[PDB]
file protein.tsv (TSV, C-alpha atoms and all ligand atoms)
chain	number	residue	atom	x	y	z
K	25	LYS	CA	0.00	0.00	0.00
K	26	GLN	CA	1.97	2.96	-1.35
K	27	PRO	CA	1.29	6.71	-1.22
K	28	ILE	CA	1.37	9.07	-4.19
K	29	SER	CA	4.79	10.28	-2.92
K	30	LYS	CA	6.28	6.97	-4.14
K	31	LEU	CA	5.36	7.73	-7.74
K	32	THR	CA	8.04	8.96	-10.11
K	33	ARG	CA	8.19	11.41	-13.04
K	34	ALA	CA	9.83	10.24	-16.24
K	35	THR	CA	11.68	13.57	-16.55
K	36	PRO	CA	11.87	16.87	-14.65
K	37	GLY	CA	9.43	18.64	-17.03
K	38	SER	CA	6.96	15.73	-17.20
K	39	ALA	CA	3.55	16.87	-16.15
K	40	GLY	CA	2.41	13.42	-14.97
K	41	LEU	CA	3.38	10.85	-12.38
K	42	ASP	CA	3.53	7.36	-13.89
K	43	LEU	CA	0.94	4.73	-12.95
K	44	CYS	CA	1.53	0.97	-13.57
K	45	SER	CA	-0.93	-1.96	-13.22
K	46	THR	CA	-0.09	-4.37	-10.53
K	47	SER	CA	-1.59	-7.21	-12.57
K	48	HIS	CA	-1.28	-8.74	-15.99
K	49	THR	CA	-4.59	-7.86	-17.59
K	50	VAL	CA	-5.98	-8.69	-21.06
K	51	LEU	CA	-8.74	-6.30	-22.37
K	52	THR	CA	-11.05	-6.74	-25.34
K	53	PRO	CA	-13.46	-4.09	-26.77
K	54	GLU	CA	-16.55	-6.03	-25.69
K	55	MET	CA	-15.39	-5.96	-22.08
K	56	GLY	CA	-16.06	-2.28	-21.68
K	57	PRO	CA	-14.51	-0.10	-18.94
K	58	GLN	CA	-12.21	-2.02	-16.61
K	59	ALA	CA	-10.69	-0.66	-13.37
K	60	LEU	CA	-6.99	-1.60	-13.23
K	61	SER	CA	-5.31	-1.81	-9.85
K	62	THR	CA	-2.26	0.30	-9.15
K	63	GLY	CA	-1.37	-0.45	-5.50
K	64	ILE	CA	-1.12	3.40	-5.06
K	65	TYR	CA	-3.44	5.24	-2.65
K	66	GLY	CA	-4.75	8.74	-1.98
K	67	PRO	CA	-4.85	11.23	-0.43
K	68	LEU	CA	-3.40	14.10	-2.37
K	69	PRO	CA	-1.22	17.00	-1.26
K	70	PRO	CA	-3.24	19.78	0.42
K	71	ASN	CA	-5.22	22.05	-1.99
K	72	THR	CA	-4.71	19.70	-4.93
K	73	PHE	CA	-6.80	17.15	-6.75
K	74	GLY	CA	-5.70	14.53	-9.27
K	75	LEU	CA	-6.50	13.75	-12.88
K	76	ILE	CA	-5.72	10.29	-14.28
K	77	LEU	CA	-4.97	10.54	-17.98
K	78	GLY	CA	-3.59	8.15	-20.61
K	79	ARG	CA	-0.03	8.10	-21.79
K	80	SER	CA	-0.02	9.00	-25.47
K	81	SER	CA	2.12	6.01	-26.47
K	82	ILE	CA	-0.49	3.72	-24.80
K	83	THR	CA	-3.50	5.54	-26.30
K	84	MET	CA	-1.99	5.14	-29.77
K	85	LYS	CA	-1.66	1.39	-29.08
K	86	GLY	CA	-5.44	1.13	-28.64
K	87	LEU	CA	-5.85	1.35	-24.86
K	88	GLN	CA	-8.10	4.22	-23.83
K	89	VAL	CA	-7.79	5.53	-20.27
K	90	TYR	CA	-10.88	7.37	-19.22
K	91	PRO	CA	-9.98	10.65	-17.57
K	92	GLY	CA	-10.57	10.16	-13.86
K	93	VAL	CA	-10.88	12.74	-11.07
K	94	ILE	CA	-9.03	11.92	-7.86
K	95	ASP	CA	-10.55	13.81	-4.97
K	96	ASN	CA	-8.22	15.51	-2.51
K	97	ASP	CA	-9.26	13.40	0.42
K	98	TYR	CA	-9.74	10.06	-1.30
K	99	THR	CA	-7.79	7.47	0.73
K	100	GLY	CA	-8.60	4.44	-1.40
K	101	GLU	CA	-6.63	2.80	-4.16
K	102	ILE	CA	-6.16	4.82	-7.32
K	103	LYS	CA	-7.46	2.69	-10.18
K	104	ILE	CA	-7.07	3.32	-13.86
K	105	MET	CA	-10.32	3.10	-15.82
K	106	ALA	CA	-9.33	1.63	-19.16
K	107	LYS	CA	-10.85	0.17	-22.34
K	108	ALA	CA	-9.50	-1.64	-25.40
K	109	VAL	CA	-10.71	0.53	-28.26
K	110	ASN	CA	-10.67	-1.77	-31.28
K	111	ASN	CA	-8.40	-4.67	-30.65
K	112	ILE	CA	-7.23	-7.01	-27.94
K	113	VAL	CA	-4.87	-5.19	-25.60
K	114	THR	CA	-2.51	-6.95	-23.18
K	115	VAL	CA	-1.13	-5.04	-20.10
K	116	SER	CA	1.94	-6.69	-18.64
K	117	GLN	CA	2.48	-6.29	-14.85
K	118	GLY	CA	4.50	-3.12	-14.17
K	119	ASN	CA	3.93	-1.55	-17.55
K	120	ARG	CA	3.21	2.19	-17.27
K	121	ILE	CA	-0.33	2.62	-18.51
K	122	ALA	CA	-1.48	5.99	-17.19
K	123	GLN	CA	-0.33	9.19	-15.53
K	124	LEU	CA	-1.45	11.18	-12.57
K	125	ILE	CA	-1.58	14.99	-13.05
K	126	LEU	CA	-1.87	17.20	-9.94
K	127	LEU	CA	-3.99	20.30	-10.18
K	128	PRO	CA	-5.00	23.12	-7.83
K	129	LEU	CA	-8.25	22.64	-6.03
K	130	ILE	CA	-10.06	25.96	-6.29
K	131	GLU	CA	-12.31	26.90	-3.34
K	132	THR	CA	-15.89	28.03	-4.09
K	133	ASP	CA	-18.91	28.70	-1.91
K	134	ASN	CA	-20.89	25.87	-3.49
K	135	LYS	CA	-22.89	24.06	-0.81
K	136	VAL	CA	-21.44	20.74	0.32
K	137	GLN	CA	-24.01	17.91	0.10
E	25	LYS	CA	-32.26	28.47	-15.43
E	26	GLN	CA	-29.71	27.98	-12.66
E	27	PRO	CA	-26.16	29.32	-12.23
E	28	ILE	CA	-23.11	27.22	-11.38
E	29	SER	CA	-23.38	28.58	-7.80
E	30	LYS	CA	-26.42	26.30	-7.30
E	31	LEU	CA	-24.32	23.18	-7.85
E	32	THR	CA	-23.22	21.14	-4.86
E	33	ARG	CA	-20.12	19.11	-3.93
E	34	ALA	CA	-20.63	15.61	-2.61
E	35	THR	CA	-18.04	16.23	0.12
E	36	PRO	CA	-15.70	19.04	1.22
E	37	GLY	CA	-12.66	17.50	-0.54
E	38	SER	CA	-14.54	16.59	-3.75
E	39	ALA	CA	-12.87	18.17	-6.71
E	40	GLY	CA	-16.05	18.29	-8.83
E	41	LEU	CA	-19.47	19.88	-8.72
E	42	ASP	CA	-22.19	17.36	-9.54
E	43	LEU	CA	-24.14	17.60	-12.80
E	44	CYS	CA	-27.51	15.81	-13.31
E	45	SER	CA	-29.59	15.39	-16.52
E	46	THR	CA	-32.86	17.14	-16.49
E	47	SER	CA	-34.36	14.42	-18.69
E	48	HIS	CA	-34.75	10.68	-18.74
E	49	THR	CA	-32.51	9.65	-21.60
E	50	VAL	CA	-31.78	6.20	-23.08
E	51	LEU	CA	-28.41	5.88	-24.99
E	52	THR	CA	-27.21	3.08	-27.24
E	53	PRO	CA	-23.68	2.71	-28.74
E	54	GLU	CA	-24.91	3.33	-32.30
E	55	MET	CA	-26.31	6.70	-31.27
E	56	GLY	CA	-22.92	8.27	-30.85
E	57	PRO	CA	-22.25	11.44	-28.81
E	58	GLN	CA	-25.38	12.90	-27.24
E	59	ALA	CA	-25.61	16.30	-25.48
E	60	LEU	CA	-27.54	15.89	-22.21
E	61	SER	CA	-29.28	18.92	-20.76
E	62	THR	CA	-28.46	20.04	-17.25
E	63	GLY	CA	-30.53	23.21	-16.72
E	64	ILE	CA	-27.26	24.80	-15.38
E	65	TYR	CA	-25.70	27.82	-17.13
E	66	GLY	CA	-22.37	29.63	-17.40
E	67	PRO	CA	-20.59	31.88	-16.82
E	68	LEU	CA	-17.78	30.83	-14.55
E	69	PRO	CA	-16.12	32.64	-11.65
E	70	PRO	CA	-13.57	35.24	-12.83
E	71	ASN	CA	-10.19	33.79	-14.00
E	72	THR	CA	-11.53	30.23	-14.11
E	73	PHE	CA	-12.67	27.85	-16.80
E	74	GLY	CA	-14.56	24.57	-16.43
E	75	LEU	CA	-13.90	20.97	-17.32
E	76	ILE	CA	-16.81	18.51	-17.53
E	77	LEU	CA	-15.61	15.03	-16.64
E	78	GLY	CA	-17.34	11.70	-15.94
E	79	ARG	CA	-18.02	10.33	-12.51
E	80	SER	CA	-16.04	7.12	-12.14
E	81	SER	CA	-19.04	5.10	-10.93
E	82	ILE	CA	-20.90	6.14	-14.13
E	83	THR	CA	-17.92	5.49	-16.45
E	84	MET	CA	-17.62	1.98	-15.02
E	85	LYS	CA	-21.33	1.44	-15.80
E	86	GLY	CA	-20.63	2.03	-19.51
E	87	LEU	CA	-21.51	5.70	-19.94
E	88	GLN	CA	-18.60	7.72	-21.30
E	89	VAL	CA	-18.64	11.48	-20.72
E	90	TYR	CA	-16.42	13.25	-23.18
E	91	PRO	CA	-14.23	15.79	-21.42
E	92	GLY	CA	-15.68	19.19	-22.23
E	93	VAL	CA	-14.14	22.66	-21.85
E	94	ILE	CA	-16.43	25.32	-20.41
E	95	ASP	CA	-15.20	28.74	-21.40
E	96	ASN	CA	-15.10	31.46	-18.74
E	97	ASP	CA	-17.64	33.65	-20.43
E	98	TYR	CA	-19.98	31.01	-21.81
E	99	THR	CA	-23.52	32.01	-20.75
E	100	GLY	CA	-25.36	29.09	-22.34
E	101	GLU	CA	-26.53	25.83	-20.85
E	102	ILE	CA	-23.84	23.44	-19.73
E	103	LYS	CA	-24.49	20.15	-21.50
E	104	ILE	CA	-22.87	16.82	-20.85
E	105	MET	CA	-21.53	15.12	-23.97
E	106	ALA	CA	-22.09	11.43	-23.35
E	107	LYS	CA	-21.97	8.05	-25.14
E	108	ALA	CA	-23.02	4.51	-24.29
E	109	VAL	CA	-19.80	2.56	-24.74
E	110	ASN	CA	-20.94	-1.03	-25.28
E	111	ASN	CA	-24.41	-1.49	-23.97
E	112	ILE	CA	-27.72	0.28	-23.60
E	113	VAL	CA	-27.48	2.91	-20.88
E	114	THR	CA	-30.51	4.50	-19.19
E	115	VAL	CA	-30.14	7.92	-17.40
E	116	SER	CA	-32.97	8.59	-14.99
E	117	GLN	CA	-33.96	12.27	-14.46
E	118	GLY	CA	-31.87	13.77	-11.63
E	119	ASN	CA	-29.22	11.09	-11.63
E	120	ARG	CA	-25.71	12.56	-11.25
E	121	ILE	CA	-23.93	11.76	-14.48
E	122	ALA	CA	-20.98	14.14	-14.63
E	123	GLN	CA	-18.93	16.63	-12.66
E	124	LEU	CA	-17.74	20.13	-13.24
E	125	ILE	CA	-14.11	20.86	-12.25
E	126	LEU	CA	-13.01	24.52	-11.97
E	127	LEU	CA	-9.52	25.40	-13.10
E	128	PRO	CA	-7.43	28.57	-13.31
E	129	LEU	CA	-7.52	30.33	-16.62
E	130	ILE	CA	-3.91	31.24	-17.38
E	131	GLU	CA	-3.37	34.48	-19.34
E	132	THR	CA	-1.10	34.36	-22.42
E	133	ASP	CA	-0.32	36.84	-25.18
E	134	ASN	CA	-1.83	34.59	-27.84
E	135	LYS	CA	-3.75	36.70	-30.36
E	136	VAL	CA	-7.51	36.64	-29.97
E	137	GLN	CA	-9.28	35.72	-33.23
P	25	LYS	CA	7.53	24.82	-37.64
P	26	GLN	CA	5.48	27.13	-35.42
P	27	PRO	CA	5.56	27.72	-31.65
P	28	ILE	CA	2.53	27.67	-29.36
P	29	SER	CA	2.70	31.51	-29.32
P	30	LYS	CA	1.33	31.47	-32.90
P	31	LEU	CA	-1.90	29.84	-31.79
P	32	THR	CA	-5.01	31.96	-31.41
P	33	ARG	CA	-8.02	32.01	-29.05
P	34	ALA	CA	-11.46	32.21	-30.59
P	35	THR	CA	-12.50	34.83	-28.01
P	36	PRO	CA	-10.96	36.58	-24.99
P	37	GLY	CA	-12.66	34.23	-22.47
P	38	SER	CA	-11.94	31.04	-24.44
P	39	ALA	CA	-10.04	28.61	-22.31
P	40	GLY	CA	-8.36	26.85	-25.26
P	41	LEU	CA	-5.99	27.67	-28.08
P	42	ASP	CA	-7.24	26.29	-31.39
P	43	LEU	CA	-5.44	23.40	-33.09
P	44	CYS	CA	-5.95	22.58	-36.82
P	45	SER	CA	-4.73	19.55	-38.83
P	46	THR	CA	-2.23	20.33	-41.46
P	47	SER	CA	-3.57	17.51	-43.62
P	48	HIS	CA	-6.83	16.32	-45.07
P	49	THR	CA	-7.49	13.14	-43.15
P	50	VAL	CA	-10.35	10.62	-43.40
P	51	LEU	CA	-10.99	8.48	-40.22
P	52	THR	CA	-13.15	5.40	-39.82
P	53	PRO	CA	-14.01	3.63	-36.51
P	54	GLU	CA	-11.97	0.53	-37.40
P	55	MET	CA	-8.85	2.65	-37.80
P	56	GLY	CA	-8.52	3.31	-34.11
P	57	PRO	CA	-6.48	6.18	-32.61
P	58	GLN	CA	-4.78	8.33	-35.23
P	59	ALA	CA	-2.19	11.07	-34.51
P	60	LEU	CA	-3.05	14.17	-36.57
P	61	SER	CA	-0.27	16.60	-37.41
P	62	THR	CA	-0.60	20.23	-36.39
P	63	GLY	CA	2.68	21.85	-37.48
P	64	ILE	CA	2.78	23.40	-33.92
P	65	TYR	CA	5.62	22.57	-31.51
P	66	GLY	CA	6.40	22.66	-27.79
P	67	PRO	CA	7.75	23.80	-25.45
P	68	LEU	CA	5.29	25.44	-23.13
P	69	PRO	CA	5.54	28.64	-21.10
P	70	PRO	CA	7.54	28.16	-17.87
P	71	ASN	CA	5.65	26.37	-15.02
P	72	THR	CA	2.84	25.25	-17.33
P	73	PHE	CA	1.86	22.04	-19.04
P	74	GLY	CA	-0.69	21.49	-21.80
P	75	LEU	CA	-3.86	19.48	-22.19
P	76	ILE	CA	-5.19	18.71	-25.67
P	77	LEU	CA	-8.97	18.40	-25.57
P	78	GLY	CA	-11.71	18.14	-28.20
P	79	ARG	CA	-13.85	21.01	-29.34
P	80	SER	CA	-17.43	20.23	-28.38
P	81	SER	CA	-18.79	20.95	-31.87
P	82	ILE	CA	-16.31	18.36	-33.26
P	83	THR	CA	-17.01	15.77	-30.54
P	84	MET	CA	-20.73	16.01	-31.30
P	85	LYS	CA	-19.92	15.35	-34.99
P	86	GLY	CA	-18.41	11.96	-34.04
P	87	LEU	CA	-14.70	12.76	-33.81
P	88	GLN	CA	-13.26	11.90	-30.41
P	89	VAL	CA	-10.03	13.63	-29.37
P	90	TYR	CA	-8.27	11.70	-26.67
P	91	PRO	CA	-7.16	14.01	-23.89
P	92	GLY	CA	-3.41	14.40	-24.27
P	93	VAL	CA	-0.83	15.73	-21.81
P	94	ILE	CA	1.78	18.08	-23.26
P	95	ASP	CA	4.84	18.12	-21.07
P	96	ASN	CA	6.43	21.47	-20.27
P	97	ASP	CA	9.66	20.72	-22.01
P	98	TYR	CA	8.38	18.75	-24.98
P	99	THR	CA	9.94	20.30	-28.11
P	100	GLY	CA	8.33	18.01	-30.67
P	101	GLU	CA	5.24	18.49	-32.77
P	102	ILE	CA	1.95	18.62	-30.92
P	103	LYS	CA	-0.28	15.96	-32.44
P	104	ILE	CA	-3.96	15.45	-31.87
P	105	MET	CA	-4.89	11.87	-30.99
P	106	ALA	CA	-8.27	11.34	-32.61
P	107	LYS	CA	-10.79	8.59	-33.42
P	108	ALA	CA	-13.98	8.36	-35.48
P	109	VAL	CA	-16.51	7.12	-32.95
P	110	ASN	CA	-19.26	5.57	-35.06
P	111	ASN	CA	-19.11	6.90	-38.55
P	112	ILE	CA	-16.69	8.01	-41.22
P	113	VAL	CA	-15.25	11.40	-40.30
P	114	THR	CA	-13.48	13.69	-42.79
P	115	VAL	CA	-11.06	16.42	-41.50
P	116	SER	CA	-10.41	19.11	-44.08
P	117	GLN	CA	-6.97	20.82	-43.98
P	118	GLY	CA	-7.10	23.83	-41.62
P	119	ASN	CA	-10.28	22.82	-39.86
P	120	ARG	CA	-10.05	23.41	-36.09
P	121	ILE	CA	-10.26	19.98	-34.53
P	122	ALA	CA	-8.89	20.38	-31.02
P	123	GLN	CA	-7.84	22.89	-28.39
P	124	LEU	CA	-4.82	23.34	-26.22
P	125	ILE	CA	-5.50	24.28	-22.56
P	126	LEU	CA	-2.59	25.60	-20.46
P	127	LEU	CA	-2.42	24.57	-16.84
P	128	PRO	CA	-0.07	25.22	-13.91
P	129	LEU	CA	2.60	22.64	-13.39
P	130	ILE	CA	2.64	21.96	-9.66
P	131	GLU	CA	6.04	21.07	-8.15
P	132	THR	CA	6.26	17.96	-5.92
P	133	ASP	CA	9.16	16.07	-4.38
P	134	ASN	CA	8.39	12.94	-6.41
P	135	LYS	CA	11.64	11.34	-7.56
P	136	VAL	CA	12.53	11.94	-11.19
P	137	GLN	CA	13.23	8.68	-13.06
A	201	LIG	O1	-10.02	7.05	-12.63
A	201	LIG	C1	-10.37	7.14	-11.46
A	201	LIG	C2	-11.43	7.97	-11.06
A	201	LIG	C3	-11.73	7.99	-9.70
A	201	LIG	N1	-11.03	7.19	-8.81
A	201	LIG	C4	-11.36	7.22	-7.40
A	201	LIG	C5	-10.78	8.52	-6.82
A	201	LIG	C6	-12.00	9.41	-6.73
A	201	LIG	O2	-11.86	10.31	-5.66
A	201	LIG	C7	-13.08	8.40	-6.42
A	201	LIG	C8	-14.49	8.84	-6.75
A	201	LIG	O3	-14.46	9.02	-8.15
A	201	LIG	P1	-15.17	10.29	-8.85
A	201	LIG	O4	-16.46	10.39	-8.31
A	201	LIG	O5	-14.28	11.48	-8.44
A	201	LIG	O6	-15.14	10.21	-10.32
A	201	LIG	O7	-12.77	7.26	-7.20
A	201	LIG	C9	-10.02	6.36	-9.23
A	201	LIG	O8	-9.39	5.64	-8.43
A	201	LIG	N2	-9.71	6.34	-10.57
A	202	LIG	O1	-19.05	19.35	-22.63
A	202	LIG	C1	-19.23	20.51	-22.97
A	202	LIG	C2	-18.31	21.22	-23.76
A	202	LIG	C3	-18.64	22.54	-24.08
A	202	LIG	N1	-19.84	23.08	-23.67
A	202	LIG	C4	-20.17	24.45	-24.01
A	202	LIG	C5	-19.34	25.37	-23.09
A	202	LIG	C6	-18.21	25.80	-24.01
A	202	LIG	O2	-17.78	27.09	-23.65
A	202	LIG	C7	-18.93	25.86	-25.34
A	202	LIG	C8	-18.02	25.78	-26.56
A	202	LIG	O3	-17.42	24.51	-26.43
A	202	LIG	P1	-15.84	24.28	-26.73
A	202	LIG	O4	-15.57	24.91	-27.95
A	202	LIG	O5	-15.15	24.98	-25.54
A	202	LIG	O6	-15.47	22.86	-26.68
A	202	LIG	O7	-19.79	24.74	-25.36
A	202	LIG	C9	-20.74	22.36	-22.93
A	202	LIG	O8	-21.83	22.85	-22.56
A	202	LIG	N2	-20.43	21.06	-22.60
A	203	LIG	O1	-2.18	14.29	-27.43
A	203	LIG	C1	-0.98	14.34	-27.26
A	203	LIG	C2	-0.35	13.75	-26.15
A	203	LIG	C3	1.04	13.88	-26.08
A	203	LIG	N1	1.74	14.52	-27.08
A	203	LIG	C4	3.19	14.64	-27.00
A	203	LIG	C5	3.49	15.74	-25.96
A	203	LIG	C6	3.86	14.93	-24.73
A	203	LIG	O2	4.78	15.64	-23.95
A	203	LIG	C7	4.53	13.73	-25.36
A	203	LIG	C8	4.59	12.50	-24.48
A	203	LIG	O3	3.23	12.18	-24.28
A	203	LIG	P1	2.67	11.72	-22.83
A	203	LIG	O4	3.54	10.74	-22.34
A	203	LIG	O5	2.73	13.02	-21.99
A	203	LIG	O6	1.26	11.31	-22.88
A	203	LIG	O7	3.77	13.43	-26.51
A	203	LIG	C9	1.11	15.05	-28.18
A	203	LIG	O8	1.75	15.63	-29.08
A	203	LIG	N2	-0.25	14.94	-28.26

call {"tool": "encode", "arguments": {"input": "protein.tsv", "output": "structure tokens"}}
result
Amino acid sequence: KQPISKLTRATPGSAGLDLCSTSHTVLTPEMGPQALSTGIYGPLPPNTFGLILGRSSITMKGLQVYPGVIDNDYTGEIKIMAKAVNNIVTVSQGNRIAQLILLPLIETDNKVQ
Amino acid sequence: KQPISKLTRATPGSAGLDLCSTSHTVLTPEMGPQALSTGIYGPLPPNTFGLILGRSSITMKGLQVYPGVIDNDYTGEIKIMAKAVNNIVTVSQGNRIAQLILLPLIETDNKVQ
Amino acid sequence: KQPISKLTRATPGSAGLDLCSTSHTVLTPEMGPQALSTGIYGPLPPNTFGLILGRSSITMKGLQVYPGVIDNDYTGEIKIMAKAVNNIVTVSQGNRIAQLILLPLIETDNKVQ
């Protein structure tokens, strides 16, 4: 059970923190959205929220990651929501399949329930 | 006709403001992108823009929300662009199907036309 | 070879900078994700990263742009990752098919490799 602080950036100017699946998973188009396990857990740094986005090299290989919002105070496991677009896609364990982007959480007076 | 200020957050640390459809809508894969009415209108707080994203529980049920950019000064109705991925999806009136994220609008010197 | 500074905003309050394809491209659903050339190159303003998102009018016409992360220091050509959802889509040269959003790049102590 690992916190977001254990994630790494590919390069200094990389916007995203790499996310890997902890399991070998095969996806087919007819399966629809699948939630892939990462072994990485919220919560996020104060005043930030997360966006899970695809890596372009993985998108172009036919695996769509659905953009996912990670709430600031989520303490569960970050999962990647993914779908094989046209073809059979195989994710090997430890392959980098998504990225976590951190963004400022703007305060508003919207009511909270 | 309701402003974004009438939206609510599920919880204090929730990144997104919940968006519901004002209509019962059935979607099938062959229908392609459909714009669902929300009865909620721009514009956005100063120096912010909006991103419409899916709720993960709804994505995993086979309804894809296409990420949508809400411009700061848009004064029209915020619609959710949505597609049934694989199966027939039914949206009941008032079910929460998307979320609005507010983000800082960065100024640039890019020319404006 | 044109920098992001040559991009234009539709309007002052437009969140996104317009991206056009430099080629006439026809897309069919069975083709899967295609990377469309823009002739526009990184890098991004300091402390920012980019998100490529669809234009709603183009999404509703059946062309899905996969959200793409542009790293701050990417110096290559910005490409639009796109897919025809259900039908045959034709992109004419110079038609605006996506938008670039600029966002703050938050610093973290995540290790960098
Ligand atoms: O791709 C995603 C999207 C969401 N979540 C988790 C974190 C979110 O805080 C929580 C609730 O999801 P949303 O309602 O924010 O979409 O689910 C993920 O693990 N992966
Ligand atoms: O999912 C969306 C995307 C856009 N719009 C509205 C607000 C945007 O300001 C306007 C123009 O769309 P874009 O060009 O920003 O994509 O359409 C929506 O209501 N829902
Ligand atoms: O839609 C996209 C996504 C990415 N890239 C380029 C810029 C990114 O910095 C680089 C690496 O992609 P990612 O790993 O950030 O997804 O590819 C694009 O040109 N278009």

call {"tool": "closest_residue", "arguments": {"input": "protein.tsv", "among": "P:128, P:40, P:92, P:56", "to": "residue 78 in chain K", "atoms": "only C-alpha atoms"}}
result
P:92

call {"tool": "residues_near_ligand", "arguments": {"input": "protein.tsv", "ligand": "ligand LIG 203 (chain A)", "cutoff": "7 Å", "atoms": "only C-alpha atoms and all ligand atoms", "output": "list in words"}}
result
residues 38, 78, 79, 80 and 81 of chain K; 76, 90, 91, 92, 93, 94, 95, 98, 101, 102, 103, 104 and 105 of chain P

call {"tool": "calpha_fit_and_write", "arguments": {"input": "protein.tsv", "fixed": "chain E", "moving": "chain P", "output": "compact mmCIF listing (two decimals) with C-alpha atoms, in the coordinates of the input"}}
result
# COMPACT_ATOMS: atom_id res chain seq x y z
CA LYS P 25 -32.26 28.47 -15.43
CA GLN P 26 -29.71 27.97 -12.66
CA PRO P 27 -26.16 29.32 -12.23
CA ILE P 28 -23.11 27.22 -11.38
CA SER P 29 -23.37 28.58 -7.79
CA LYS P 30 -26.41 26.29 -7.30
CA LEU P 31 -24.33 23.18 -7.85
CA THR P 32 -23.22 21.14 -4.87
CA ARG P 33 -20.12 19.11 -3.93
CA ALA P 34 -20.63 15.61 -2.61
CA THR P 35 -18.04 16.23 0.13
CA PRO P 36 -15.70 19.04 1.22
CA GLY P 37 -12.66 17.50 -0.54
CA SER P 38 -14.53 16.59 -3.74
CA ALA P 39 -12.87 18.17 -6.71
CA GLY P 40 -16.05 18.29 -8.83
CA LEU P 41 -19.48 19.88 -8.72
CA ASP P 42 -22.20 17.36 -9.54
CA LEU P 43 -24.14 17.60 -12.80
CA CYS P 44 -27.51 15.81 -13.31
CA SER P 45 -29.58 15.39 -16.52
CA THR P 46 -32.86 17.13 -16.49
CA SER P 47 -34.36 14.42 -18.68
CA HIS P 48 -34.75 10.68 -18.74
CA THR P 49 -32.51 9.65 -21.60
CA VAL P 50 -31.77 6.20 -23.08
CA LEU P 51 -28.41 5.88 -24.99
CA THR P 52 -27.21 3.08 -27.24
CA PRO P 53 -23.68 2.71 -28.74
CA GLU P 54 -24.91 3.33 -32.30
CA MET P 55 -26.31 6.70 -31.26
CA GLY P 56 -22.92 8.27 -30.85
CA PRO P 57 -22.25 11.45 -28.81
CA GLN P 58 -25.38 12.90 -27.24
CA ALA P 59 -25.61 16.30 -25.48
CA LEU P 60 -27.54 15.89 -22.21
CA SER P 61 -29.29 18.92 -20.77
CA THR P 62 -28.46 20.04 -17.25
CA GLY P 63 -30.54 23.20 -16.72
CA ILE P 64 -27.26 24.80 -15.38
CA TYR P 65 -25.70 27.81 -17.13
CA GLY P 66 -22.37 29.62 -17.40
CA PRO P 67 -20.59 31.88 -16.81
CA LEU P 68 -17.78 30.83 -14.54
CA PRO P 69 -16.12 32.64 -11.65
CA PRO P 70 -13.56 35.23 -12.82
CA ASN P 71 -10.18 33.79 -14.00
CA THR P 72 -11.53 30.23 -14.11
CA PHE P 73 -12.67 27.85 -16.80
CA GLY P 74 -14.56 24.57 -16.43
CA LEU P 75 -13.90 20.96 -17.32
CA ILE P 76 -16.80 18.51 -17.54
CA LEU P 77 -15.62 15.02 -16.64
CA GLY P 78 -17.34 11.70 -15.94
CA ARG P 79 -18.02 10.33 -12.51
CA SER P 80 -16.04 7.12 -12.14
CA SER P 81 -19.04 5.11 -10.93
CA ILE P 82 -20.90 6.14 -14.13
CA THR P 83 -17.93 5.49 -16.44
CA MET P 84 -17.62 1.98 -15.02
CA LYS P 85 -21.33 1.44 -15.80
CA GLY P 86 -20.63 2.03 -19.52
CA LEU P 87 -21.51 5.70 -19.94
CA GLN P 88 -18.61 7.72 -21.31
CA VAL P 89 -18.64 11.48 -20.72
CA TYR P 90 -16.43 13.26 -23.18
CA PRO P 91 -14.23 15.78 -21.42
CA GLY P 92 -15.68 19.19 -22.22
CA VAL P 93 -14.15 22.65 -21.85
CA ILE P 94 -16.43 25.33 -20.41
CA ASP P 95 -15.20 28.74 -21.40
CA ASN P 96 -15.10 31.46 -18.75
CA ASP P 97 -17.63 33.64 -20.43
CA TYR P 98 -19.98 31.01 -21.81
CA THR P 99 -23.52 32.00 -20.75
CA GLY P 100 -25.36 29.09 -22.34
CA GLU P 101 -26.53 25.84 -20.85
CA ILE P 102 -23.84 23.43 -19.73
CA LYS P 103 -24.49 20.15 -21.51
CA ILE P 104 -22.87 16.82 -20.84
CA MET P 105 -21.53 15.12 -23.97
CA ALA P 106 -22.09 11.43 -23.35
CA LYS P 107 -21.97 8.06 -25.14
CA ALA P 108 -23.02 4.50 -24.29
CA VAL P 109 -19.80 2.56 -24.74
CA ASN P 110 -20.94 -1.02 -25.28
CA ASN P 111 -24.41 -1.48 -23.97
CA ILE P 112 -27.72 0.28 -23.61
CA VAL P 113 -27.47 2.91 -20.87
CA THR P 114 -30.51 4.50 -19.19
CA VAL P 115 -30.14 7.91 -17.41
CA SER P 116 -32.97 8.59 -14.99
CA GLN P 117 -33.96 12.27 -14.46
CA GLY P 118 -31.86 13.77 -11.63
CA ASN P 119 -29.21 11.08 -11.63
CA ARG P 120 -25.71 12.56 -11.25
CA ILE P 121 -23.93 11.76 -14.48
CA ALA P 122 -20.99 14.14 -14.63
CA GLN P 123 -18.93 16.63 -12.66
CA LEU P 124 -17.74 20.13 -13.25
CA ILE P 125 -14.11 20.86 -12.24
CA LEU P 126 -13.01 24.52 -11.97
CA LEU P 127 -9.52 25.40 -13.10
CA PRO P 128 -7.43 28.57 -13.31
CA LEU P 129 -7.52 30.34 -16.62
CA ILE P 130 -3.91 31.24 -17.38
CA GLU P 131 -3.37 34.48 -19.34
CA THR P 132 -1.09 34.36 -22.42
CA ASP P 133 -0.31 36.84 -25.18
CA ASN P 134 -1.83 34.58 -27.84
CA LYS P 135 -3.75 36.70 -30.36
CA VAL P 136 -7.51 36.64 -29.97
CA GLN P 137 -9.28 35.72 -33.23

call {"tool": "closest_residue", "arguments": {"input": "protein.tsv", "among": "P:131, P:97, P:54, P:42", "to": "ligand LIG 202 (chain A)", "atoms": "only C-alpha atoms and all ligand atoms"}}
result
P:42
